[PDB]
């Protein structure tokens, strides 16, 4: 109506403390959306993550950043969406996307996990359903297969982190636009964005 989304999830590793690693991109979007809407994300052990509720254009939007292992992110998502009776196609998972360069971002419903250990676990723990939405935040692709974990668990160099941060900012605006004008208008704005 015309925006089906009730849960926004931001995937990230629960540490280290010290580092803005590419694998945590999704969480940066949820943190910035929350900050802007004065939501304080609170630990909620029952959902194995940090949670909040926003109200945007009078639509309730729950937010989650799992604090499980990345490969058990599905446990957090399913625990909360079961609790509040949110369906898979009502969930949007924001995550780092190897298929797009730094500074680009896209909305999509369904698809594969693309080697993303969080996405893969989410599909499984949602009863093998891929039709949840994704917010794909581009981080570039290292080249090789075997180098993928080292890439995603590394810190983007500073100029590249700017592109990422710009895409986080636009993705938040487009999430707001999504809550106000629906999914199609939101995508149509976000997919023509390109950092700086």
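Residue numbers count along the first chain shown, from 1.
The mean C-alpha temperature factor is higher for 120 to 128 when 120 to 128 and 70 to 78 are set side by side. Higher mean CA temperature factor between 15 to 23 and 172 to 180: 15 to 23, per the PDB entry.
Per the PDB entry, 159 shows the highest C-alpha temperature factor of the residues 134, 155, 35, 159. When the Cα B-factors of 50, 56, 29, 139 are read from the PDB record, 56 comes out highest. Placement of the Cα temperature factor of residue 112 within the chain: highest third of the modelled residues, per the deposited record. For residue 164, the recorded CA temperature factor ranks within the lowest third of the chain's modelled residues. When all modelled residues of the chain are sorted by CA temperature factor, residue 65 is found within the lowest third. Among the modelled residues of the chain, residue 45 sits in the middle third by CA temperature factor in this PDB entry.
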